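# Results of the structural survey
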10 protein chains.
Amino acid sequence: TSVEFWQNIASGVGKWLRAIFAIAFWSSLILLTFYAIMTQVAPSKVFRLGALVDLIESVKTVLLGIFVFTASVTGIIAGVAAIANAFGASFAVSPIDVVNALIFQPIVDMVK
Amino acid sequence: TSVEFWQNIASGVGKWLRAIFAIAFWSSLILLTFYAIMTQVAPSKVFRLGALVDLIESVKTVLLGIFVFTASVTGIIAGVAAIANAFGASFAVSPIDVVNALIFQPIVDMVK
Amino acid sequence: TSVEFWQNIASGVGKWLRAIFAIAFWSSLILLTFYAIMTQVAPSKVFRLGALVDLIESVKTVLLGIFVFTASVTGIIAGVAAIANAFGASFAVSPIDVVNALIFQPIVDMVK
Amino acid sequence: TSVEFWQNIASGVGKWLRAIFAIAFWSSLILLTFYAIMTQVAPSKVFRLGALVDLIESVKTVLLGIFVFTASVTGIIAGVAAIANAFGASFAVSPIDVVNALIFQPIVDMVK
Amino acid sequence: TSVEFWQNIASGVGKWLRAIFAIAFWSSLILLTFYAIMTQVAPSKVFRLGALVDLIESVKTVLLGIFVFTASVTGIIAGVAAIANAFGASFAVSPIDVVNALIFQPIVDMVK
Amino acid sequence: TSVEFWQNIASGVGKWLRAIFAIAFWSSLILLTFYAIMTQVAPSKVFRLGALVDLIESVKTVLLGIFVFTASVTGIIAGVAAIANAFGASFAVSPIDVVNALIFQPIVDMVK
Amino acid sequence: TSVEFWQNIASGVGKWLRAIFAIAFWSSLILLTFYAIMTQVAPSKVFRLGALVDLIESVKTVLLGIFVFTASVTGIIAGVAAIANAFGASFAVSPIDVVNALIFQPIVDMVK
Amino acid sequence: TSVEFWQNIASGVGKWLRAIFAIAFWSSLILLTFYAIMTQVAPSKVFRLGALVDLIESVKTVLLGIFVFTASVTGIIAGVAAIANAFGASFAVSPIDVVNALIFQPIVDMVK
Amino acid sequence: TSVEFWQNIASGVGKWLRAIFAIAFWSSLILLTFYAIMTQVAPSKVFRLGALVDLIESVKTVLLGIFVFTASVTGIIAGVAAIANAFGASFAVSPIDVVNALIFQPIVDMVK
Amino acid sequence: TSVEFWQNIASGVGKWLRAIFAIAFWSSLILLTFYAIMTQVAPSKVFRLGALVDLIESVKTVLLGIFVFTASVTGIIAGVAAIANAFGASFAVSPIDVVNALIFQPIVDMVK
């Protein structure tokens, strides 16, 4: 119906999504903690060993997911910036600012 | 539904998990004590010897579990900090503070 | 063919599904009991230990499933209620009543 | 096919399982008795000593199993009761009644 | 190409499948026997104990599989019979006859 | 490929397994005899005492294994017979005949 | 690109696979030998007993694998031969020759 | 990479394993000799008696291990030979030659 | 707009794609290395075994992918060359040069 | 974004992985040393015997893992080299250099 309506809805959903993404990262951390208490308390050696293995699995998968997310954001922004070339068009969007704000800004300002 | 709802639930579950993790560490200590009384009271020499061996087993496994937990936390935090590089992004999260608060802060403030 | 026909079929299948869901929850409880007798009777220590571990696995998975179900119901109802906004539409559905009736009402009125 | 069919089958299997669980507990008691006669009759001192040790092993493992069972039942019921909160839902199930009926009611009414 | 061709092929494959299903049930029985001789001959106590545990595992899994099969057959036949209702259609198929012939008829007429 | 092929292979392996099971039982008997000659010839008192203890161990473990085997066979056959109920299905398999033929028939017809 | 090219590549990979399969069978034999020396040299009785048990495990699993392989080959060839029927088609492939050449021909011509 | 490479590696490891197995058998013999000198020199009667008992233990365990090894080799070879039947396949491997070469050929050609 | 514009863009994207394909192959190699360290460090035997299995999985899938890629390139080039026939048209493109340059040229000139 | 960026990241992760792999091998050596001190200090004979057995287990598993790693690397490189054939393509990669640099070069230059 009107432009600022869509602007407001997009901004709201964006902030909600980045907030819940930070919550998701810290939930991965708490799941790391849960596997820690599991390997601390599990009676048999084999269960503690399996808890250590899946702890390493969780840390590796969270790191890989973060890597893919940041790499994809940088890739899309740099691809659009480069595709502005070969045509003469100027794309001054400062990719570092957007890749910082979308990825690491919501994460940092949290205390557990 | 709302952001602070998820924030509160995550904070509550985090504090509960760290508290029960400290309880778990001190339960490992009391299990050490139980093996101590076992090797103190076991009539035959062989049973006292086995109690000593599994006492050493328990101390080694608790130390290894603590090592894996702290190493994994430091590894994930430092990996995200380093992956902030090569892209120009800034990740000022003070990894020492989080590795202290998640690992050793709940443990220290307990008296048995 | 006619409206009340579909109304009746939907109501019947809904009541059947909630009844069998309560049966499912209490079957999870009886499976907990089965693991209890397993760890009570299993001759070797290792089998009792594994029964304890999978008992904890069962309780954690049933709790997680209940959490996801209730959270999803609350999320859909609150999302529709909020999407009634930004347009002026009124959605007076009392989400608490529906999340109670769909989730906890069938469960409570059962005795094992 | 029909609701009361599943209700009857679940009730029957539940009563059978709790009865056999009480039988299991009293079988642990009779195994205690068997180790008692073993340490009473075993000719060499070492065999009587080992019978005493495994008698203590049996009593400790039965006590630990009972503890884990009752703690898990209380934990699941209290977790569902608490998860009824933060949403406004009411869960009036009287956890004490169910933890009594599932755990200690079948055990008490037996004479050996 | 022609109706009785498909009728014959379906009947043949059906009889072959039910015969091999009865063979499968009696092979589960012989596997029970193999675990019996294992726990009878295994030198160490721990191996006999594990053979007893996996013997119980095998009997429980065969019983659960038979239960799921018969329950699914009864469920599909009764569901089609009930779905004949609410429309006025008549479905006189005698579900007991089919659930007997598909499940227990091939099994009974075998001697090991 | 064909039904009677599988029938013949199953019957052959079944008879072989029951024959070797009877051989296993009588080998348990000969091991009892070996412990008897050990406690008869062992020079020191302690070795004769230990031979008596492990003789009792062998007899108790063979009796327990036989008990578990026969109880499991009776349990599976009676469970299938009872699960034929609640559905109307008839399961006329004469459980006593099968529990006799699988358990005690191969054992009896042997002379040592 | 051309027919005999694919013919040659398929023949080469087939001969390589059957040769390495024969190598695999004889490696199972050498693993049997390794468990033999383990149970011959293992100092404690329990380790020799476990080596005997896993030796039996290895022989049973190799025999079961060979059985499944030969049964599957015979089953596929006989199924295609039978499916040539009911349509009038002739399938003169001599299943015995192929089941011999694929299974036992590479194995026999080896000396360890 | 190539067939004769795997052939050579398998042959080499096989010869090494059979040689060390013969060394193991003769080491069992030298351990018999060590128990002989122990019972010859042990001052107290009880220690000589215990040395005699564990000497008998060693001879019985070496004989049992050799029996299990040769029986397992004969069993696997005869099982594959018999499983060649019921399918028409020919398995001309001369089981006696392989059971001789794998078991007794390395042992005989040694002088202590 | 102009021919050499499209020529330049196609050449640039082609070189970028072949470079990242070589990077992908060497990343498959480093993933092989990661599974190697996993099976080297994994505490329990089962985890090392699974790491070996998925290591073999990775090598087989990389080899199959390379095979499909090179076979598809050769197939398309040879198909166009052959379709030049039956019409009299000449297609002198030297398929070996293109299948070398597109497949193996980017891979070889890399050092890890 | 750019080629040398991916080149640098791949080279860095490769060197890090090979360094930590060498660390892993020497950690296997130190674990061998730990089992050595265990069997040196363990009071009862049975514990020293078990330490010897698991010492042999550790050496065998490290040797098997190294074998699988080097064999897989040689296999993939030789498979790609051979698949360069049958198409005319040239693959001059010197497999010996890569199998040396990826496997043994990081290991050798370490002093413990």
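Per the deposited record, determination of this structure is attributed to cryo-EM, with the resolution reported as 4.1 Å.

The PDB entry lists chain A under the name Pilin protein, with Pyrobaculum calidifontis as the source organism. Looking at the PDB record, one finds the entry titled "Cryo-EM structure of conjugative pili from Pyrobaculum calidifontis".

## As for the layout of surface pockets
Size it by volume and the second largest pocket reaches roughly 670 Å³. Lining the second largest pocket are 24 residues, and of these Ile9 and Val13 of chain E together with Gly79, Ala82 and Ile83 of chain G lie nearest its centre. For the lining of the second largest pocket, the element with the most residues is helix α1 (residues 3-41) of chain E, which contributes 8 residues. Across the lining of the second largest pocket, the residue classes tally to 16 nonpolar, 8 polar and no charged.

## Some words on the interface of chain A and chain B
Taken together, the contact between chain A and chain B spans 31 residues of the former and 35 residues of the latter. Regarding the contact of chain A and chain B, the summed buried area is about 3000 Å², with carbon and sulfur atoms giving 80% of it. When the buried area of chain A at its contact with chain B is split by residue, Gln40, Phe104 and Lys112 of chain A rank highest and sum to 20% of it. Joining chain A to chain B, the criterion identifies 0 salt bridges. Applying the counting rule to chain A against chain B returns 3 residue pairs in polar contact. Mapped onto the side of chain A that touches chain B, the elements with two or more residues apiece are α1 (3-41), α2 (45-83), α3 (95-103) and α4 (105-108) of chain A.

## Overview of the interface of chain G and chain E
Counting residues at the interface gives 6 residues for chain G and 5 residues for chain E. Of the roughly 560 Å² buried between chain G and chain E on both sides combined, carbon and sulfur atoms contribute 88%. Per-residue buried area on chain G facing chain E is highest for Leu49, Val53 and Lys60 of chain G; these three make up 60% of the total on that side. For the interface between chain G and chain E, the tally reads 0 salt bridges. Seen at the junction of chain G and chain E, the total is 0 residue pairs in polar contact. Residues belonging to the side of chain G that touches chain E are distributed by class as follows: 4 nonpolar, 1 polar and 1 charged.

## Remarks on the arrangement of the chains
For the non-touching pair chain A and chain F, the nearest C-alpha separation works out to 26 Å. Separated throughout, chain D and chain J approach each other most closely at a C-alpha pair spaced 16 Å apart.

## Describing the packing of aromatic side chains
In total, this model carries 54 aromatic pairs over all chains according to the counting rule given. Ring geometry for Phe25 of chain J against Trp26 of chain J: centres 5.1 Å apart, planes inclined by 65°, an arrangement best described as edge-to-face. Accessibility expressed as a relative area gives 21% for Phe25 of chain J, which makes it partly exposed. Ring pairs connect the aromatic residues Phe5 and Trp6 of chain A together with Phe87 of chain C, which therefore count as one cluster.

## Points about the UniProt feature "transmembrane region" (unreviewed entry) in chain A
All names here are of chain A. UniProt feature "transmembrane region" (unreviewed entry): in the numbering of this structure it lies at residues 16-38 and 59-84. Across residues 16-38 one finds 100% helix and 0% strand; the C-alpha atoms that close the span lie 32 Å apart. Summarising residues 59-84: 96% helix, 0% strand, and an end-to-end C-alpha distance of 38 Å.

## Comments concerning a nonpolar patch on the surface
Together, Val13, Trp16, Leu17 and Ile20 of chain A together with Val3 of chain B give the surface a local cluster of nonpolar side chains, amounting to about 380 Å² of exposed area. When residues of the nonpolar patch are assigned to their parent elements, the largest contribution, 4 residues, is made by α1 of chain A. Mapped onto the elements of the fold, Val13 of chain A is located in helix α1. By relative accessible area, which is 46% here, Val13 of chain A ends up partly exposed.

## Details of the side chain of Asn100 of chain G
If you trace the backbone, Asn100 of chain G turns up in helix α3 (residues 95-103). Setting aside chain neighbours within four positions, we find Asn100 of chain G in contact with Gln105 of chain G together with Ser90 of chain H.

## Some points on the environment of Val62 of chain C
With respect to the secondary-structure elements, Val62 of chain C resides in helix α2 (residues 45-83). The class of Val62 of chain C is buried, set by a relative accessible area of 14%. Along the backbone, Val62 of chain C and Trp6 of chain C are 56 residues apart, and their C-alpha atoms lie at a distance of 33 Å. Beyond its immediate stretch of four places on either side in the chain, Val62 of chain C contacts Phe25 and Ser28 of chain C together with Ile76 of chain D.

Cut-off values and rules
- For every chain, the first residue of the written sequence is numbered 1, i.e. counting runs from 1 onward, and this need not coincide with the entry's numbering; residues without coordinates are not included.
- Both sets of labels track the order of writing: A upward for chains, 1 upward for ligands.
- Values throughout apply to the part shown, which belongs to a larger assembly of chains.
- The basis for the side-chain values is all heavy atoms of the structure; hydrogens and waters are excluded.
- Using only the protein atoms, space was sampled on a 1 Å grid; points where a 1.4 Å probe fits but cannot get out form cavities, open sets with protein on both sides within 12 Å along at least five of seven lines form pockets, and lining residues are those with an atom within 4 Å of a point.
- Grid points are joined across faces, edges and corners, and a volume is the space filled by probe spheres set on the points.
- The way it works is that DSSP assigns letters per residue, a run of H or I at least four long becomes a helix, a run of E at least two long becomes a strand, and they are numbered from the N terminus.
- Residues are grouped as follows: nonpolar covers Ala, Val, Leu, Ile, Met, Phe, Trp, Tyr, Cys and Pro; charged covers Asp, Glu, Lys and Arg; every other residue, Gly included, is treated as polar.
- Between two residues, a contact is recorded if the distance between any of their heavy atoms is within 4.5 Å.
- As used here, buried area is the combined drop in accessible area, with a 1.4 Å probe, of two parts when they are placed together.
- We define a salt bridge as a contact between a side-chain nitrogen of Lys or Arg and a carboxyl oxygen of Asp or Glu at a distance within 4 Å.
- Counting of polar contacts relies on pairs of N or O atoms within 3.5 Å, with two restrictions inside protein: one atom must be capable of donating a hydrogen and the other of accepting it, and residues adjacent in sequence are counted only when both atoms are side-chain atoms.
- Aromatic pairs are defined between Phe, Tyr and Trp rings, using the six-membered ring for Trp, whenever the two ring centres lie within 6.5 Å; interplanar angles under 30 degrees are classed as stacked, those over 60 as edge-to-face, and all others as tilted.
- Throughout this description, buried means an accessible area under 20% of the type-specific maximum (1.4 Å probe, protein chains only), exposed means over 50%, and partly exposed covers the range between.
- UniProt positions are given in the numbering used here, feature names are shortened, and annotations may be inferred rather than shown by experiment.
- Like charges within 9 Å and nonpolar side chains (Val, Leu, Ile, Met, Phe, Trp, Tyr) within 5 Å are joined into patches, using only residues over 30% in relative accessible area that form no salt bridge.
- Methods summary: accessible areas were calculated by the Shrake-Rupley approach with a probe of 1.4 Å, and residue burial reflects only the protein chains presented.

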